[PDB]
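# just dropping in an experimental structure and the matching sequence.
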Amino acid sequence: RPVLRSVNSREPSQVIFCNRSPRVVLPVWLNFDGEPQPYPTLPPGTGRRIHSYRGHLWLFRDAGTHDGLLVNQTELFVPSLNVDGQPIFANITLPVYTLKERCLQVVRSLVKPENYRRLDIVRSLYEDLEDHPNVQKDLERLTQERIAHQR
Amino acid sequence: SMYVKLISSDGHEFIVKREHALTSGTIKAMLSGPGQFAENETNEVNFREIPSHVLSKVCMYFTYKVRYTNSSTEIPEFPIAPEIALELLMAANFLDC
Amino acid sequence: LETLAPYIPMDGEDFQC
Amino acid sequence: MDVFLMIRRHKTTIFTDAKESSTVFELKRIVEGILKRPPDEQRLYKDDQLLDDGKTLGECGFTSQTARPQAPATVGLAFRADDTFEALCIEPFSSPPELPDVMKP
């Protein structure tokens, strides 16, 4: 029913997750009801073989902050089948964050949420700091992006 | 090739490529364009509330953004020291970049 | 049918990528 | 490899980039295009050490390790006043305030 969900193809597809970011990465699998499920994390510069399936949807996040990362230069990874026996690579990288978002990341990394509103900054930035990245926000945006260019 | 001048609140002058400075939506909006006022060339912007230690960091962000956007090269982290983080956030929010 | 979720192979070893 | 620089004199900072294999003298040609003073009237420094015009930027220490887009290398610039060269002088940037208490561990 949710458009962004894995399909139960039951068709094995071997993938290699390759973390080419400086972040500890959390692979996130969107299950058949479109709910996110975590898998074990990947240290920077580490690769790992995974047994996945045709049509299964994956996202990748900073394991500690949930910032979004790219996989093969886009936000969603969906394997097809292994071509002539070769593993499918999912190359995970850092996006070029806006300077504002990167600043929000660094301030969130240094200040407890309960203290955001004690910071002496333009007050619109309080809600910006509190609007933490998260998978469901991105799923909403990605879904309406999909229907928008679908029409 | 073409450069623009960005002036900090404490009077430092930063000379940066125009393409790089157009990374900021605010700067782009204050500089002449090919459509808007090409004859009336505006090559300079003054920042009354952004000091030189922040504006220099912003210029470094322009360079990073242009270098690593739509590129094959592996992307490194943009580093931000704690002591500058809040002012840099205010400047990024003001400058729309 | 049963749903089949992704899984990590038991003989898998992390490596430098 | 491109190298990324801040060429500084007094309260002027030029942000520019160049090839690691390009020469110091070619960088003076860049500065001349910008500030309209000839390479003759230009002295470029790394820290207090004057650079040799004939050497490449990479030879002089500007590399992927030291001259990054997000953390560019500083090159000092001194002009010729009259028939004589001014002393190299780079005015400091402003300073951040003390770190707030809620930002320490």
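Great, that's in hand. Numbers count the residues shown, from 1 in each chain, chains lettered A, B, ... in the order given.
# tell me which element the one residue in chain A that gets nearest to chain C falls in.
Going by C-beta to the nearest C-beta, chain C is nearest to residue A:47 of chain A, at 3.0 Å. For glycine as for every other residue, the C-beta is placed from the backbone atoms N, C-alpha and C. Per DSSP states H and E, residue A:47 falls inside strand A:46-53.
# that strand and chain B, are they touching?
No: judged by C-beta under 8 Å from any C-beta of the partner chain, strand A:46-53 stays clear of chain B, getting no closer than 14.2 Å.
# C-alpha coordinates for the next helix or strand after that strand, CSV please?
For strand A:46-53, the succeeding helix or strand toward the C-terminus, using DSSP H and E, is strand A:57-62. The C-alpha coordinates for strand A:57-62 follow below in CSV (Å, rounded to 0.1, in the frame of the first residue of the first chain):
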residue,chain,number,x,y,z
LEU,A,57,14.6,-0.9,-0.8
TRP,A,58,17.5,0.4,1.2
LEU,A,59,18.6,3.8,2.7
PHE,A,60,21.8,4.7,4.6
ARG,A,61,22.2,7.0,7.5
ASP,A,62,24.7,8.2,10.0
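# check which helices and strands strand A:57-62 sits against.
Judged by 3 or more C-beta pairs under 8 Å, 6 or more residues apart in numbering or on different chains; DSSP states H and E, the packing partners of strand A:57-62 are strand A:25-30, strand A:70-71, strand A:88-93, helix A:135-150.
# buried ones in the last one?
By neighbour count with 16 or more other C-beta atoms under 10 Å in any protein chain shown, helix A:135-150 contains the buried residues A:135, A:138, A:139.
# the last one is in contact with residue A:4, isn't it?
To tie it back to what came earlier, the one meant is residue A:139. Yes: assessed by C-beta atoms under 8 Å, residue A:139 is found in contact with residue A:4 at 5.6 Å.
# find the residues that touch each one of those two.
Common contacts of residue A:139 and residue A:4, defined by C-beta atoms under 8 Å, 6 or more residues apart in numbering or on different chains, comprise A:30, A:34.
# show me the contacts for the closest residue to residue B:48 other than its chain neighbours.
Counting by C-beta to C-beta, 6 or more residues apart in numbering or on different chains, residue B:9 is the residue found nearest to residue B:48 once chain neighbours are left out, at 5.5 Å. Contacts for residue B:9 (C-beta under 8 Å, 6+ apart) come out as B:47, B:48, B:49, B:50, B:51, B:52.
# show me which of those is closest to chain A.
Nearest member of the contacts of residue B:9 to chain A, counting by C-beta to the nearest C-beta, is residue B:49, at 10.6 Å.
# one step back: show me which of the contacts of residue B:9 are buried.
B:47, B:50, B:51, B:52.
# the residues you listed into a markdown table, with extra columns for distance to residue A:25 and secondary structure?
Shown next, in a markdown table, are those (distance: C-beta to C-beta, whole Å; DSSP: H, G, I helix; E, B strand; the rest coil):
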| residue | distance to residue A:25 | secondary structure |
| --- | --- | --- |
| B:47 | 37 | coil |
| B:50 | 35 | coil |
| B:51 | 36 | coil |
| B:52 | 37 | helix |
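# if we can go back for a sec, tell me which element the residue nearest to residue B:48 is part of?
Short version, using DSSP H and E: residue B:9 is in no helix or strand.
# residues contacting residue A:109?
Counted by C-beta under 8 Å, 6+ apart, residue A:109 has contacts residue A:65.
# for the one 4 residues further on, same thing?
Counting by C-beta under 8 Å, 6+ apart, residue A:113 touches A:129, A:130.
# between the contacts of residue B:9, which sits nearest residue D:102?
Within the contacts of residue B:9, proximity to residue D:102 (C-beta to C-beta) peaks at residue B:51, which comes in at 21.8 Å.
# so how far is residue B:42 from that closest one?
Distance, residue B:51 to residue B:42, using C-beta to C-beta, to the nearest Å: 23 Å.
# nearest to residue B:68 among the contacts of residue B:9?
residue B:50 (23.3 Å).
# these two touch, right, the closest one and residue B:8?
Yes: counting by C-beta under 8 Å, residue B:8 is a contact partner of residue B:50 at 6.1 Å.
# contact residues of chain A facing chain C?
Checking chain A against chain C by C-beta under 8 Å from any C-beta, the hits are A:8, A:10, A:16, A:18-20, A:29, A:31-32, A:37, A:39-40, A:45-53, A:56.
# repeat the analysis, applying 10 Å as the threshold.
Contact residues, chain A versus chain C (C-beta under 10 Å from any C-beta of the partner chain): A:6, A:8-20, A:27, A:29, A:31-33, A:37, A:39-40, A:42-53, A:56, A:58, A:79, A:89, A:91-92.
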